[PDB]
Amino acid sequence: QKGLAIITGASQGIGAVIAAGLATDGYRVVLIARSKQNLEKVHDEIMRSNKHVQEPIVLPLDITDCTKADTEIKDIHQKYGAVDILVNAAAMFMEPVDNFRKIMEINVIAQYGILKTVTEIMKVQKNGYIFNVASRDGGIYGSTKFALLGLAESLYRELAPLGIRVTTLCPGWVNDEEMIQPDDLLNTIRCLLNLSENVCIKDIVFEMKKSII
């Protein structure tokens, strides 16, 4: 647990909890989002709750701005070294056609841009771990949800032979503790990071007890 940890949706909920979780674990986290108001908030807390932490890297950014987002990340790669972890924890953004195109762009294209950038870096490293946090209208939501899965699926198979691992975590509801707690997703990741170097888990599906029956 020594290199950088890029985390989208880092200023809120799950992204924030995992950011503070890996920072405590030793990684140097890169907090991506927009609010150089909400991020710093995560920055200050992290380092105000730890005896010793590498200190978070506040990178205000709109990942939907693909070109810029790619520049920002590369720059961060030039200054602070290798990237060991990428956690896609950004919340999903749910005339008809125009809206569907817009939902695909923000939820899938942008994500693809980030993976594209971070994957080039990791392959040069022959190592790295990618974590995807999912969830679970004439098909808008479904098409978008599967688009991300199929993307994860493809990367899983082609990045494995190169030492890079991909795991998508699919929980039902998470924030009332009748749901899946954010710490559950964080601890499952710590477990993942600690498995044998040759072990690959495609994904893990988290279901709420109440939802089962």
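Residue indices: 1-based, along the sequence shown.
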Report summary line: Of the deposited residues between residue 136 and residue 137, the number without coordinates is 4 to 9
Report task. Between residue 175 and residue 176, count the deposited residues left without coordinates and pick a bin: none, 1 to 3, 4 to 9, 10 or more. Result -> 10 or more
Query raised in the report: For the C-alpha atoms alone, is the average B factor greater in 146 to 154 or in 40 to 48, going by the entry?
Result: 40 to 48
Query raised in the report: So 110 to 118 or 68 to 76, which one's hotter by mean CA B-factor in the entry?
Result: 68 to 76
Report task. Report the option among 185, 166, 58, 170 whose CA atom has the maximum B-factor in the deposited record. Result -> 58
**Report entry** residue 86 - which third its CA temperature factor falls in, relative to the rest of the chain
**Finding:** lowest
Report task. Sort the modelled residues of this chain by their C-alpha B factor and say whether residue 130 lands in the lowest, middle or highest third. Result -> lowest
Query raised in the report: In terms of the CA temperature factor given in the entry, to which third of its chain does residue 124 belong: lowest, middle or highest?
Result: middle
